[PDB]
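Each residue of the sequence shown is one higher than the last, beginning at 396 in our numbering. We put the beta carbon where it would ideally sit given N, CA and C, even for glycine.
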Amino acid sequence: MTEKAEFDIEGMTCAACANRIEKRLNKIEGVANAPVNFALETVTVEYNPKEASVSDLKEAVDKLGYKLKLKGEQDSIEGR
Ligand SMILES: [Cu+]
């Protein structure tokens with residue numbers, strides 16, 4: 396089952412910022428994966444909406460400093 400969720404990240408000026416998110420994300424219970432993509436400025440989070448939630452991990456990202464918001468939820472990304 397699981398779900399894919401796609402989010403736009405603002406402030407992660409270094410790859411270490413991004414990696415720190417991945418670290419936090421991994422620390423959330425019932426996450427599958429969540430590699431942060433340093434080009435499109437987006438992360439594709441994969442998890443189950445049972446033990447974790449988009450809103451929860453949002454706060455977990457905000458906890459690190461940089462901002463996060465919705466982007467999509469079907470391996471799509473979108474942009475110009
Ligand atoms: Cu950084």
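Check your understanding: residue 408: beta carbon under 6 Å from a heavy atom of ligand 1?
Key -> Answer for residue 408: yes, Cβ within range of ligand 1.
Review point. Is residue 433 near residue 447, with beta carbons less than 7 Å apart?
Key: Their beta carbons are not under 7 Å apart, which means residue 433 does not touch residue 447 by this criterion.
Check your understanding: Where DSSP assigns a beta bridge to residue 467, which residues make up the other side?
Key -> Paired residues: 401.
Review point. Thinking just about the alpha-carbon of each residue, which of 421, 454, 404 is nearest to the one in residue 435?
Key: Closest by alpha carbon: 404.
Exercise for review: Determine the extent of the beta strand (DSSP E) in which residue 417 is found, giving its start and end residues.
Suggested key: Taken as a continuous stretch (DSSP letters only), residue 417 belongs to no beta strand (DSSP E), being part of the alpha helix (DSSP H) at 410 to 422.
Exercise for review: Could you check how far apart the C-beta atoms of residue 440 and residue 459 are, in whole angstroms? I think they sit under 8 Å.
Suggested key: With a Cβ gap of about 14 Å, residue 440 and residue 459 do not count as contacting.
Exercise for review: Would you mind working out which of 427, 419, 417 sits nearest residue 444, comparing C-alpha positions?
Suggested key: In terms of Cα proximity to residue 444, the closest of 427, 419, 417 is 427.
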